[PDB]
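*Asks:* Once you've had a glance at the structure underneath, I'll fire off some questions.
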Amino acid sequence: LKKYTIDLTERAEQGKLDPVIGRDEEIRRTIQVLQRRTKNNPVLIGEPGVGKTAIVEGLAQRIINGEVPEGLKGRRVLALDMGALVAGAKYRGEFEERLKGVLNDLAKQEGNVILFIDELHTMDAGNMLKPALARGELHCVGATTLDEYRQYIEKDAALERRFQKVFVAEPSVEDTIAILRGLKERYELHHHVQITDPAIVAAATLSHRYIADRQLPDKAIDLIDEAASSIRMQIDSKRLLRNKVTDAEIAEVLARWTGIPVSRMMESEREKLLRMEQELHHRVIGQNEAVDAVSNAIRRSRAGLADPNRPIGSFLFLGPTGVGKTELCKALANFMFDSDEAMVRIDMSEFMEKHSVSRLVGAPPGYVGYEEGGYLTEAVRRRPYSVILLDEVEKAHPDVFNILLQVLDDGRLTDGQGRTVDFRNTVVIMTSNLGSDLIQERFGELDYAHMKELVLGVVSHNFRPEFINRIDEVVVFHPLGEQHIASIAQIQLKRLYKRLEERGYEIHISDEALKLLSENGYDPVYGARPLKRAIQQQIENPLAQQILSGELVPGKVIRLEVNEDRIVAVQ
Amino acid sequence: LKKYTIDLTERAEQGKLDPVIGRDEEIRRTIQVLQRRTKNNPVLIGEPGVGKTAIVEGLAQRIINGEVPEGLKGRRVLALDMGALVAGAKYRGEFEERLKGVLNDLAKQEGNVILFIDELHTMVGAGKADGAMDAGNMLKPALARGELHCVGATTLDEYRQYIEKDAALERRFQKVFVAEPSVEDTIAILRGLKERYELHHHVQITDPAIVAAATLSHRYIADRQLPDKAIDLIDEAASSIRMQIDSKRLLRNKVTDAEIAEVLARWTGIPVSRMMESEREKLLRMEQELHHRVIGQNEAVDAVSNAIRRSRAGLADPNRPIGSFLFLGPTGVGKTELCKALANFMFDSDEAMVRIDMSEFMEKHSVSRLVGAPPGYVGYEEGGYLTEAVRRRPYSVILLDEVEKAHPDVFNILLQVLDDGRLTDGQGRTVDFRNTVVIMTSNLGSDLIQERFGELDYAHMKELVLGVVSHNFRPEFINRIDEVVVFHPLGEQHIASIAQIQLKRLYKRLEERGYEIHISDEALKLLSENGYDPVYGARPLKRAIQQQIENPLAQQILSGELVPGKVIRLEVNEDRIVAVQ
Amino acid sequence: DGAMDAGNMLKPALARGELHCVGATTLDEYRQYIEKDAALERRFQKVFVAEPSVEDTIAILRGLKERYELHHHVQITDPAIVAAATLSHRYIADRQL
Amino acid sequence: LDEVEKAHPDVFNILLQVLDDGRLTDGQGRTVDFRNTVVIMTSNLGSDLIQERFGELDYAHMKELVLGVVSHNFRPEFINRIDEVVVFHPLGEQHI
Ligand SMILES: Nc1ncnc2c1ncn2[C@@H]1O[C@H](COP(=O)(O)OP(=O)(O)OP(O)(O)=S)[C@@H](O)[C@H]1O
Ligand SMILES: Nc1ncnc2c1ncn2[C@@H]1O[C@H](COP(=O)(O)OP(=O)(O)O)[C@@H](O)[C@H]1O
Ligand SMILES: Nc1ncnc2c1ncn2[C@@H]1O[C@H](COP(=O)(O)OP(=O)(O)O)[C@@H](O)[C@H]1O
Ligand SMILES: Nc1ncnc2c1ncn2[C@@H]1O[C@H](COP(=O)(O)OP(=O)(O)O)[C@@H](O)[C@H]1O
C-alpha cells in the first residue's frame, strides 16, 4: 500500500502545490492533445514551468468549490509514480516484474479511473512501456527538450502515432512574481519574511540584457531562495539588518562570479547621468561623436517605444576605414556587454565574382554555400548581437547600385527561413571614401559645417543622384596629425610595456622619441594599419636584438641617442 | 514471443481494434500472398497514413470473424516489433537470441501464426554491428521457405532504399500495394469509424462533418495521406468541443463542418471556414474590395476578380492555376499593387505574394535557378527559386516581374505552369501551381499602351497591338495566358485617390503620440507635379514622401527651434517652410 | 546479475530521506556515469563553480609553499610563485590552473 | 602549410582560428594552442608578377603588387591575420 497509491485529496491538506501562473493557452493545448484518442500523448517541449503540475493542480479547482453541478464533474485523474521503480529491486528480471505489475493491475475496475505518466524520455521511453503504449492501455504526459526529442522520440516511427511536439514559448518576468504572491502563506505567518517589488524583478531581468544563453525561470526561482536565506544563517556567523528589501540581497548572490555591482544592472530613468562616465571615457578621454546615439536618439527606444519597422535608433555615422570604426564597435559593445565579442566588418572593395548576391541579405536559390554565404547571413544565427558596417560600395559597375534601398524601408522584413533578424538595437557606421583623402594632411581650418554642403553639392549629382539624396549627415573622423596618433602609438606601446615588464624591463619613451616614428607611420590609404609594423621595424625588432644580446640587462632603464643613418635606440 | 510480439488477433477479440472498412482487394491480395507455398510474405507498400497497419487489423478482425479462407482460419496475427528486439541488445548476440528465440517459438506454432512485422525497413540493418546484417539475414531462410508468414508493412520509398538494396531480401516479400483511398472512398471509412469516436469523446459527429472532413483534408492538406488527416481532423474537432462542455442547444456537442474547417484553418491557414462571416458581403463585392487599394484599373480587376470567382464556384480547370495573367502596360499603375491586393483577398495576407524578378534570368544558364539544378550539379539539393517557393506557399500569387527582360527560354519553363499547373524541380519532384495565381507584369507594349488610352476606350488596346511589334511570333505562350490585361495610365483623377493611403494603416495606432491630421487641400498638386507622370508612372509618389514631407524634421535637429509635437503643413508659396509651435 | 548497485543501495537512504548529496566531481563524468539514474540528480540545479584565476591560485600557492619547502628542503621564492601561476596558465593547456 | 593556395577555402576558415587566437578546435572538440608555433604558408600566387621585379620594384611596391594578386585568392580577414607576407625574389645569376 506504498508505491502505486497517490491520493490527490491530500494536496489541500498539506499545501503541497506550487501554482502555475501565466500558462493557460499553452496548457489547455495539452488538454486538447490529451483528450483525443489518435495521438493523445502531449510531450511538453522547451523551457521549464509546466512539467505535469499545471494540469493536475488546475483540475481540483473547478470541482470542489462548486459552480458546476455534479452531473458534469468527474474527470478525476491521477499522476506519476516513478520513485520506487529502480530502487529496492535487486536481480535481473525481478526488477522487470515490478514494472509489469504497476501497469496491469490498475485494470481492476474496467477503466473507472484513468492515469497519466510523466517524464518519459529516458529508456522508460519505449523499451518496456512500448507494448503498454501500443495496446491502447492509458495515455501519458511526456516532457522532453527540443534536441532530446529529436534524439529519441521523433526519428522513431511507432511513437509519434501517439506523441506530438507541444512547444511552450519563452515566458515573462511575472513567472516568479506570483510565485512569491501566494507563498507568503508559508513565509510571514511563521518567519515574517518580506521580499519587495524591486527584489523579485531583480533576479528575473537577467535574460534580454544581462545573459541570453540560459532560460529565465530556472535562474529566477533559485536566485530568490538563496537571497531569502539571508537571515537565519548570517545571524549564526560567530541598524542590525536592512529589513527594507532592496537590490542588495540578489547582488550578493548574483555577482559572486562576475565582479560588477548593482550600479549598472538596473539602468533606469535617473541612472542615465551615471551611465555616461563609466568605461567609455577612462580608456580614452574622447570618442564623443558617437555619444549622441545614447543621448537624444535613445528616448523612443528603451521605454517600451521601440518600433522596429522604421529606423529610429539608426543614427548614421560616417568616416574613413581602419581609423576608429572597429574599436568603437567593440568599445560600445564593451560599454554594453562588459566584454569583447563584436567582430563585424563589411567592405565591397576587391572581389569580382558572382558571390556578391549572397552578401546582400541572403541567398535566393541557385548558388553555392548557404552555411556561411555572406557575413550578415550568419551574424543573427550565431547570436543576435552585431554592429553592422558598410564600406566601399561605390566602385563596381552600376548594375549593382540600387539594391541598398530595399532593407531600410517598411516593405518586407527580409529574413531567410522564417525566424527573425535584428531591426532595433543596431547602429550602422558606414564609410565614405570619396574626396576626403586629400583633406587628411593638415588639421588647420577643417570644416564641421562647411564640409558637407558646398564640397558635396557639385560632385555628387553628375554620375549618381540616388545615393546622397537620402544620406546627408557627414562629419569626419580625426585627421591624422601628430599628437592624436601619439596617444594611439602609446596604446600599442603600453601593451608592449606589459609585454616587457613580465621579464623585468620598464621602458620609457619621450614626446621626441615616438614622433621619430611618425615619418614611417600612418598611411592615408589604409588608415592606421601600418602603425603596428612600424613599431616592429623601428623599435621592437631592434629591441629583441638587444634583449637577447644581453647588453640590455633587466633592472637598468636605458635612454636613447640620435646617431647615424639607421635610427635605433642604443647606448 | 509473448515478450515482444503484440498479438493482434486477441486484440481483436476484445474489440480493441479499429473497425476496418473496405480494403477488401488489399486484404484478399494479402491472403493470396499469405497462402503461397514459398515466400508467403506480403509487404503492404503504401505511404504514411494510408491504412496499411489497419489492413492487418482488418485481417486479424477477419480471422476472428471468419471471412478468411480455410487455411487462414484460426491463425494468430502477431505484431513483431523490431524496436523491442534492438531494445536492450548491448552485448554480442543478445539480438540474435531474441530473433532465434522468436523464430523458434514461431516454429513451435507449426504455421498457425501470421507475423506482422510493421515497418520492415527497421528490420533491414537491425542488430547490425559486427558486419553482415542480423535481422533480415536471420529471417532470410525462414522467409524463403514459406515458414513464418511475414506480413510486412513499409512505405514505398522506405522499401526502395532499405529493402530493395538487399536484393536477396527483396524477393522474399511480395508488394501488396496499398494505394490511398479517394475522397469518396474515405467517407465510408469514416462513417463507420465515427461511432468509435462518438463513444470515446461523448461527442456527436455528423456526416456533414465527415463529408467535409475529407474534401477539405484532400484539397488543403497535401503532405499527409487521406485516412490519416481526415481522422486527425475529427479527433481534433471532438477534442476542441470537449473543452466547451467541460469548462467555460447553444452549448453544443455536435461537430459540423464549421468546426472541421476551423481546425484546418488552425493547421494550414486557409480561411474558407463559414459563409456566415462577411463572405456574403465579400463574394460579389470581390471586384470593389480590390478597388479599395487598386485605384481605377477596371479592366484589371474585372480580369482577376472574375477569374478567382470562377474557381470559388468550382467551375475552373483543376489541371490549371486559378489565374494566368499578363499585366503588360505602364510602370507604377497598379501592376505590383493588385497582386498584393489579390493575395490580401484570397489568402488574406499580402506577404503571400511570391515576387520573382525576371531580370535576374537574363541569360540561358540562369534558368535552373528557377526550376532547380539537375542531379550532380551545384544547387541541386537547394532547389529552385520558383519550385521551392511554391512548395513553401502553394497558395500564393506568383508575380513574374518584367518577363520581357527574361530570356526567351524562360517562357519555355513557364509553359507548363500555365497549361497544367505543374513544374518539376531538379530533384524530380513536381510542384503544383493549381492553387496559385500566376501574374506576369511586362513592359512590352507600354509605349503604345500609354499613348492610346484616352483614344481607344476599353478594348482596342487588346486588339491590333499584337502582330506588328508585340508577342505573337512565339504563339504558344499567348494562348496559355488566361486573360491578357492592359493597363490604362493614371490621370489626375486617380493619383488624388491613390495618394490617400500612404499612412492609412499606420493611422490606427499613432493618435495619442500627438498626431492626428485631416486632409489638407492646398498641397495636393505639389505631389501631383512629380508623382503624376504620363511617362514614368505613379511610382515617384513613394519617393514623394521620402523627399517631400519627411526631410525637414529628421535632420533639422540641432538648430534649436523646431521640436516634434506639432503637425506640419505645406502651402503653395516659395517658403522654405516654417513650423510654429 | 543482481549486483551492480553500489549507488542503488544508497538510495534506500533516500527512501529514509537520510540520503544527502553535494555533487562536486568531474562534470562530464557526472553526465555519462549518472546517465540512467534520475533518482540521484532529482533537482540538482546548475549553479556555477570552477577553477579560479592566476592571482587566485597565487594565494593557493603562497599558502601551500610551506608543504613544498619542507618536503624538498628548498626555499620557494615569491617570484617563483607568481611565475608558476602565470606561466602554467599561459603555456600548459591540457591541465587546470 | 606549403602550396597553401591549393587548399580548399574551407581550410582557410580552420587556418584563420590559428592566426586569430592561436587556438584550433579538434574534431573531437579539443582546443589546441598554436601560440608557440611558427606557421608558414608557402604559396606562389603572384608567380608571374615577381618575374618582372628587376626594373623598378624594390620590395616596397612589389609587396603591394603581389598582395593584389593574393587578395583575389585569400580572404581579407585572412591576410591581415598573417603577421608578415613575404615576397621571394627570383634568383639571379649570382645566386645560382
Ligand atoms: N480502411 C480503413 N478502415 C478503418 N480505419 C482505417 C482505414 N484505413 C486507415 N484507418 C485508420 O486511419 C489511421 C491510419 O493509420 P495506419 O492504419 O497506421 O496507416 P499507416 O500506413 O500505418 O501509417 P503509418 O505512417 O505507416 S503509422 C489509423 O487510425 C487507422 O485505424
Ligand atoms: N509559469 C510558471 N508558473 C509557476 N512556476 C513556474 C513557472 N515557470 C517556472 N516555474 C518554476 O520553475 C521551476 C522549474 O523546474 P522544473 O519544472 O523541474 O524544470 P523542468 O520543467 O525543466 O523539469 C519549477 O519549480 C516551477 O516552480
Ligand atoms: N582610437 C583609435 N585611433 C586610431 N587608430 C586606432 C584606434 N583604435 C584602433 N586603432 C587602430 O586600428 C588598427 C586596426 O585597423 P585595420 O586593421 O585597418 O581595420 P580592421 O581592424 O577593421 O580590419 C589597429 O592597429 C589600431 O592601431
Ligand atoms: N492603381 C493603383 N492603385 C493603388 N496604388 C497605386 C496604383 N498605382 C500606383 N500606386 C502606388 O504607387 C506606388 C508604386 O511603387 P512601386 O511598387 O515602386 O512601383 P511599381 O509597382 O511600378 O514597382 C505604390 O506604393 C502604390 O501605393
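Residues in the C-alpha cells are numbered from 1 in each chain, the chains being A, B, ... in the order shown, and ligands are numbered from 1 in the order shown.
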Enumerate residues in contact with ligand 3: an atom-to-atom distance of at most 7 Å, counting only C-alpha atoms and all ligand atoms. Format the result as a list in words.
*Replies:*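 Every residue with an atom at most 7 Å from ligand 3 is listed here: residues 321, 322, 323, 324, 325, 326, 327, 345, 485, 488, 492, 526, 527, 528, 529, 531 and 532 of chain A; 80 of chain D.
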*Asks:* Applying 7 Å and only C-alpha atoms, which residues near stretch 308-320 of chain B remain after dropping the ones on its own chain fewer than 2 positions away? List them as a VMD selection string.
*Replies:* chain B and resid 304 to 306 322 to 323 418 to 421 434
*Asks:* Residues as selected, N, CA and C atoms, written as a PDB file, in the first residue's frame, can you do that?
*Replies:*
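Once written, part.pdb looks like this:
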```pdb
ATOM      1  N   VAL B 304      -9.105  39.772 -62.868  1.00  0.00           N
ATOM      2  CA  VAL B 304      -8.571  38.951 -61.788  1.00  0.00           C
ATOM      3  C   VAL B 304      -9.669  38.549 -60.805  1.00  0.00           C
ATOM      4  N   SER B 305     -10.649  39.423 -60.557  1.00  0.00           N
ATOM      5  CA  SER B 305     -11.737  39.079 -59.654  1.00  0.00           C
ATOM      6  C   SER B 305     -12.755  38.175 -60.311  1.00  0.00           C
ATOM      7  N   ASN B 306     -12.785  38.140 -61.637  1.00  0.00           N
ATOM      8  CA  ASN B 306     -13.709  37.252 -62.319  1.00  0.00           C
ATOM      9  C   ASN B 306     -13.083  35.884 -62.530  1.00  0.00           C
ATOM     10  N   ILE B 322      -5.337  29.046 -60.863  1.00  0.00           N
ATOM     11  CA  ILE B 322      -6.568  29.804 -60.668  1.00  0.00           C
ATOM     12  C   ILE B 322      -6.624  30.979 -61.632  1.00  0.00           C
ATOM     13  N   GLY B 323      -5.474  31.554 -61.948  1.00  0.00           N
ATOM     14  CA  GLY B 323      -5.434  32.646 -62.891  1.00  0.00           C
ATOM     15  C   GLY B 323      -4.068  32.809 -63.510  1.00  0.00           C
ATOM     16  N   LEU B 418       1.469  27.355 -66.787  1.00  0.00           N
ATOM     17  CA  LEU B 418       0.239  27.949 -67.284  1.00  0.00           C
ATOM     18  C   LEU B 418      -0.724  26.892 -67.798  1.00  0.00           C
ATOM     19  N   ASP B 419      -0.221  25.934 -68.575  1.00  0.00           N
ATOM     20  CA  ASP B 419      -1.069  24.926 -69.192  1.00  0.00           C
ATOM     21  C   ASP B 419      -1.556  23.875 -68.215  1.00  0.00           C
ATOM     22  N   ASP B 420      -0.680  23.348 -67.370  1.00  0.00           N
ATOM     23  CA  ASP B 420      -1.056  22.257 -66.496  1.00  0.00           C
ATOM     24  C   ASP B 420      -0.928  22.566 -65.018  1.00  0.00           C
ATOM     25  N   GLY B 421      -0.311  23.677 -64.643  1.00  0.00           N
ATOM     26  CA  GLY B 421      -0.167  23.963 -63.235  1.00  0.00           C
ATOM     27  C   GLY B 421       0.861  23.081 -62.574  1.00  0.00           C
ATOM     28  N   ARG B 434      -1.765  24.651 -59.104  1.00  0.00           N
ATOM     29  CA  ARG B 434      -3.204  24.684 -59.330  1.00  0.00           C
ATOM     30  C   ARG B 434      -3.944  25.570 -58.341  1.00  0.00           C
TER      31      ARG B 434
END
```
*Asks:* For chain A versus chain D, which residues have an atom no more than 9 Å away, and what is each residue's nearest atom pair and distance in Å rounded to one decimal, using only C-alpha atoms, chain-then-number order, as CSV?
*Replies:*
```
residue,atom,partner,partner_atom,distance
A:350,CA,D:72,CA,7.0
A:351,CA,D:72,CA,6.5
A:352,CA,D:72,CA,8.4
```
*Asks:* Using only C-alpha atoms, which chain D residues lie at most 9 Å away from chain C, written as a list in words?
*Replies:*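 Filtering chain D at 9 Å from chain C with only C-alpha atoms gives residues 31, 32, 33, 35 and 36 of chain D.
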*Asks:* Quick one: pick out all strand (DSSP E or B) residues within chain D from a backbone DSSP run and write them as a ChimeraX atom specification.
*Replies:* /D:2,23-25,31-33,42
*Asks:* Keeping only N, CA and C atoms, write the selected residues to a file as a compact mmCIF listing (two decimals), in the first residue's frame.
*Replies:*
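Everything below was put into selection_8.txt:
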```txt
# COMPACT_ATOMS: atom_id res chain seq x y z
N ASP D 2 52.56 24.27 -46.97
CA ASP D 2 53.05 24.66 -48.28
C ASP D 2 52.04 24.29 -49.35
N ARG D 23 44.27 29.37 -31.13
CA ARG D 23 43.59 28.13 -30.82
C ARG D 23 43.05 27.49 -32.10
N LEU D 24 42.78 26.19 -32.03
CA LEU D 24 42.14 25.49 -33.13
C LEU D 24 41.41 24.30 -32.55
N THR D 25 40.13 24.17 -32.89
CA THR D 25 39.30 23.12 -32.33
C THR D 25 39.50 21.82 -33.08
N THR D 31 40.64 21.92 -27.71
CA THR D 31 41.28 23.17 -28.10
C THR D 31 42.79 23.01 -28.04
N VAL D 32 43.45 23.30 -29.16
CA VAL D 32 44.88 23.13 -29.33
C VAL D 32 45.51 24.51 -29.49
N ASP D 33 46.45 24.85 -28.62
CA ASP D 33 47.09 26.16 -28.71
C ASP D 33 48.23 26.15 -29.71
N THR D 42 53.51 28.49 -47.67
CA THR D 42 54.24 28.67 -48.91
C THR D 42 53.26 28.68 -50.07
```
*Asks:* Residues of chain C within 8 Å of chain A, counting only C-alpha atoms - could you list those as a list in words?
*Replies:*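 Written out as asked, the residues are residues 1, 2, 3, 5, 8, 9, 11, 12, 36, 39 and 48 of chain C.
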*Asks:* Distance atom CA of residue A:388-atom CA of residue A:427, one decimal place?
*Replies:*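 Taking atom CA of residue A:388 as the start and atom CA of residue A:427 as the end point, the length is 7.2 Å.
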*Asks:* When the cut-off is 8 Å and we count only C-alpha atoms, which residues of chain B are near chain A, given as a ChimeraX atom specification?
*Replies:* /B:4,6,11,16,83-84,87-88,197,200-201,232,235-236,238-240,242-243,246,368-370,372-373,378-379,382-385,555
*Asks:* Go ahead and write the selection's residues with C-alpha atoms as a CSV table (one decimal), in the first residue's frame.
*Replies:*
```csv
chain,number,residue,atom,x,y,z
B,4,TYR,CA,7.9,-8.9,-28.0
B,6,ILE,CA,1.9,-7.9,-29.7
B,11,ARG,CA,-6.6,-7.7,-29.5
B,16,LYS,CA,-9.8,-3.2,-29.1
B,83,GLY,CA,12.2,-1.7,-31.8
B,84,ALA,CA,11.7,-4.1,-28.9
B,87,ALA,CA,15.8,-2.5,-27.2
B,88,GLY,CA,18.5,-3.7,-24.7
B,197,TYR,CA,-15.0,8.3,-31.8
B,200,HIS,CA,-14.7,8.0,-26.7
B,201,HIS,CA,-15.3,11.7,-26.9
B,232,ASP,CA,-7.0,13.6,-37.3
B,235,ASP,CA,-10.4,13.8,-33.4
B,236,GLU,CA,-9.0,17.3,-33.1
B,238,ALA,CA,-14.0,16.4,-31.0
B,239,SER,CA,-11.3,17.5,-28.6
B,240,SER,CA,-11.9,21.1,-29.4
B,242,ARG,CA,-14.8,18.6,-25.4
B,243,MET,CA,-13.4,21.8,-23.8
B,246,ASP,CA,-16.3,20.9,-19.6
B,368,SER,CA,18.0,26.2,-63.5
B,369,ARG,CA,17.8,28.8,-60.7
B,370,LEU,CA,14.0,28.9,-61.1
B,372,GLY,CA,16.4,23.7,-59.8
B,373,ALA,CA,19.7,22.2,-60.7
B,378,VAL,CA,25.7,22.8,-57.9
B,379,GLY,CA,22.4,23.9,-56.3
B,382,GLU,CA,19.0,23.6,-52.6
B,383,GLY,CA,16.1,23.6,-55.1
B,384,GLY,CA,14.8,26.2,-57.5
B,385,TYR,CA,13.7,29.8,-56.9
B,555,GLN,CA,18.0,66.4,-40.0
```
*Asks:* For ligand 1, return the neighbouring residues as number ranges by chain (distance at most 9 Å; only C-alpha atoms and all ligand atoms).
*Replies:* A: 38, 157-161; B: 17-24, 44-58, 118-119, 153-155, 178, 180-181, 185-186, 188-190, 192-193, 225-232
*Asks:* Which residues come within 10 Å of residue D:81, counting only C-alpha atoms, excluding same-chain residues fewer than 4 positions away, as a ChimeraX atom specification?
*Replies:* /D:16-21,76-77,85
*Asks:* Dump C-alpha atoms for the selected residues as a PDB file, in the first residue's frame?
*Replies:*
```pdb
ATOM      1  CA  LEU D  16      42.087  31.517 -39.576  1.00  0.00           C
ATOM      2  CA  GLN D  17      41.373  30.414 -35.999  1.00  0.00           C
ATOM      3  CA  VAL D  18      45.074  29.561 -35.699  1.00  0.00           C
ATOM      4  CA  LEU D  19      46.150  33.060 -36.707  1.00  0.00           C
ATOM      5  CA  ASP D  20      43.298  34.783 -34.843  1.00  0.00           C
ATOM      6  CA  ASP D  21      43.627  33.309 -31.373  1.00  0.00           C
ATOM      7  CA  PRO D  76      40.885  39.970 -46.464  1.00  0.00           C
ATOM      8  CA  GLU D  77      40.297  38.691 -42.928  1.00  0.00           C
ATOM      9  CA  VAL D  85      53.551  38.399 -46.026  1.00  0.00           C
TER      10      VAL D  85
END
```
*Asks:* Do a neighbour search on residue C:40 at 9 Å with only C-alpha atoms, toss out local chain neighbours closer than 4 positions, and write the hits as a PyMOL selection string.
*Replies:* chain C and resi 7+11+21+34+44
*Asks:* As a CSV table (one decimal) with N, CA and C atoms, in the first residue's frame, please: every protein or nucleic acid residue near ligand 4 (cut-off 8 Å, counting only C-alpha atoms and all ligand atoms).
*Replies:*
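File result-v6.csv, as written:
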```
chain,number,residue,atom,x,y,z
B,291,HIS,N,-10.7,47.4,-55.4
B,291,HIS,CA,-10.7,48.9,-55.7
B,291,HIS,C,-10.4,49.7,-54.5
B,293,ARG,N,-7.8,49.4,-52.7
B,293,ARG,CA,-6.4,49.6,-52.8
B,293,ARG,C,-5.8,49.5,-54.2
B,294,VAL,N,-6.7,49.3,-55.2
B,294,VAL,CA,-6.3,49.4,-56.6
B,294,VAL,C,-7.1,50.5,-57.2
B,295,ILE,N,-6.6,51.7,-57.3
B,295,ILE,CA,-7.4,52.8,-57.8
B,295,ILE,C,-7.5,52.8,-59.3
B,296,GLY,N,-8.8,52.8,-59.8
B,296,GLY,CA,-9.0,52.7,-61.2
B,296,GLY,C,-8.8,51.2,-61.6
B,297,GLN,N,-8.3,51.1,-62.8
B,297,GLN,CA,-7.9,49.8,-63.4
B,297,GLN,C,-9.1,48.8,-63.4
B,330,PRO,N,2.0,50.1,-68.4
B,330,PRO,CA,3.0,51.0,-67.8
B,330,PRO,C,3.3,50.7,-66.4
B,331,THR,N,4.4,51.3,-66.0
B,331,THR,CA,5.0,51.0,-64.7
B,331,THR,C,4.5,52.0,-63.6
B,332,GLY,N,4.1,51.4,-62.5
B,332,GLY,CA,3.5,52.2,-61.4
B,332,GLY,C,2.1,52.5,-61.6
B,333,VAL,N,1.3,51.6,-62.1
B,333,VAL,CA,-0.1,51.8,-62.4
B,333,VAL,C,-1.0,51.0,-61.6
B,334,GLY,N,-0.5,49.9,-61.0
B,334,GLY,CA,-1.4,49.0,-60.2
B,334,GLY,C,-1.0,47.6,-60.6
B,335,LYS,N,0.1,47.4,-61.2
B,335,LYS,CA,0.5,46.0,-61.6
B,335,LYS,C,1.0,45.3,-60.4
B,336,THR,N,2.0,45.7,-59.7
B,336,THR,CA,2.5,45.1,-58.5
B,336,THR,C,1.6,45.2,-57.3
B,337,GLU,N,0.7,46.2,-57.3
B,337,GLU,CA,-0.2,46.6,-56.2
B,337,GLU,C,-1.4,45.7,-56.2
B,338,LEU,N,-1.9,45.3,-57.4
B,338,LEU,CA,-3.1,44.4,-57.4
B,338,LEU,C,-2.8,43.0,-56.9
B,490,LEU,N,-2.6,56.4,-65.4
B,490,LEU,CA,-3.3,57.1,-64.4
B,490,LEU,C,-3.4,58.6,-64.7
B,494,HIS,N,-7.0,59.7,-60.5
B,494,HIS,CA,-6.6,58.5,-59.7
B,494,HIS,C,-5.5,58.8,-58.7
B,495,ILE,N,-4.6,59.6,-59.0
B,495,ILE,CA,-3.4,59.8,-58.1
B,495,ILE,C,-3.9,60.7,-56.9
B,498,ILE,N,-5.1,57.8,-55.1
B,498,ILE,CA,-4.1,56.9,-54.8
B,498,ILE,C,-3.1,57.4,-53.7
B,499,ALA,N,-3.1,58.7,-53.6
B,499,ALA,CA,-2.2,59.4,-52.6
B,499,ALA,C,-3.0,59.7,-51.3
B,501,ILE,N,-3.7,56.7,-49.1
B,501,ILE,CA,-3.5,55.5,-48.2
B,501,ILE,C,-2.0,55.4,-48.0
B,502,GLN,N,-1.3,56.5,-47.8
B,502,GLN,CA,0.2,56.5,-47.6
B,502,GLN,C,0.4,56.1,-46.1
B,537,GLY,N,5.1,57.1,-64.6
B,537,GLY,CA,4.1,56.5,-63.8
B,537,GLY,C,4.0,57.1,-62.4
B,538,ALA,N,3.3,56.4,-61.5
B,538,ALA,CA,3.0,56.9,-60.2
B,538,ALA,C,3.9,56.3,-59.1
B,539,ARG,N,4.9,55.6,-59.5
B,539,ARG,CA,5.9,55.1,-58.5
B,539,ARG,C,6.8,56.2,-58.0
B,540,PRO,N,7.1,57.5,-58.6
B,540,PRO,CA,7.8,58.5,-57.8
B,540,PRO,C,7.0,59.2,-56.8
B,541,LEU,N,5.7,58.8,-56.6
B,541,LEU,CA,5.0,59.2,-55.4
B,541,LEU,C,5.5,58.6,-54.1
B,542,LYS,N,6.0,57.4,-54.1
B,542,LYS,CA,6.6,56.8,-52.9
B,542,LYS,C,7.9,57.5,-52.5
```
*Asks:* Which residues sit within 6 Å of ligand 2, counting only C-alpha atoms and all ligand atoms, listed as a list in words?
*Replies:*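 Every residue with an atom at most 6 Å from ligand 2 is listed here: residues 18, 19, 20, 21, 22, 23, 48, 49, 50, 51, 175, 217 and 218 of chain A.
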*Asks:* Can I get the selected residues back with C-alpha atoms, as an mmCIF file, in the first residue's frame?
*Replies:*
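The resulting file, result.cif, is reproduced below:
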```cif
data_model
loop_
_atom_site.group_PDB
_atom_site.id
_atom_site.type_symbol
_atom_site.label_atom_id
_atom_site.label_comp_id
_atom_site.auth_asym_id
_atom_site.auth_seq_id
_atom_site.Cartn_x
_atom_site.Cartn_y
_atom_site.Cartn_z
ATOM 1 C CA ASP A 18 3.239 25.304 -6.494
ATOM 2 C CA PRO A 19 0.708 27.259 -8.572
ATOM 3 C CA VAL A 20 1.287 27.851 -12.257
ATOM 4 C CA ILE A 21 0.711 31.439 -13.396
ATOM 5 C CA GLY A 22 0.975 32.627 -16.987
ATOM 6 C CA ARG A 23 0.474 29.427 -18.981
ATOM 7 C CA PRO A 48 10.521 24.813 -17.829
ATOM 8 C CA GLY A 49 7.420 25.741 -15.887
ATOM 9 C CA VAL A 50 4.693 23.210 -16.656
ATOM 10 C CA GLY A 51 6.078 19.698 -16.178
ATOM 11 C CA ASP A 175 6.594 33.889 -13.584
ATOM 12 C CA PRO A 217 12.715 30.858 -14.717
ATOM 13 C CA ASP A 218 15.403 28.348 -13.733
#
```
*Asks:* Compile the contact shell of residue D:90 as a count of residues only: residues with an atom at most 10 Å away, counting only C-alpha atoms, same-chain residues fewer than 2 positions apart removed.
*Replies:* 11
*Asks:* Using DSSP assignments from the backbone, pull out every residue in stretch 324-521 of chain A that falls under alpha helix (DSSP H) and give it to me as a PyMOL selection string.
*Replies:* chain A and resi 325-337+451-454+483-497
*Asks:* Determine, counting only C-alpha atoms, which protein, DNA and RNA residues have an atom within 12 Å of an atom of stretch 158-174 of chain B; residues of the same chain fewer than 5 positions away are not included. Present the result as a PyMOL selection string.
*Replies:* (chain A and resi 157) or (chain B and resi 29-48+117+119-126+132-133+135-153)
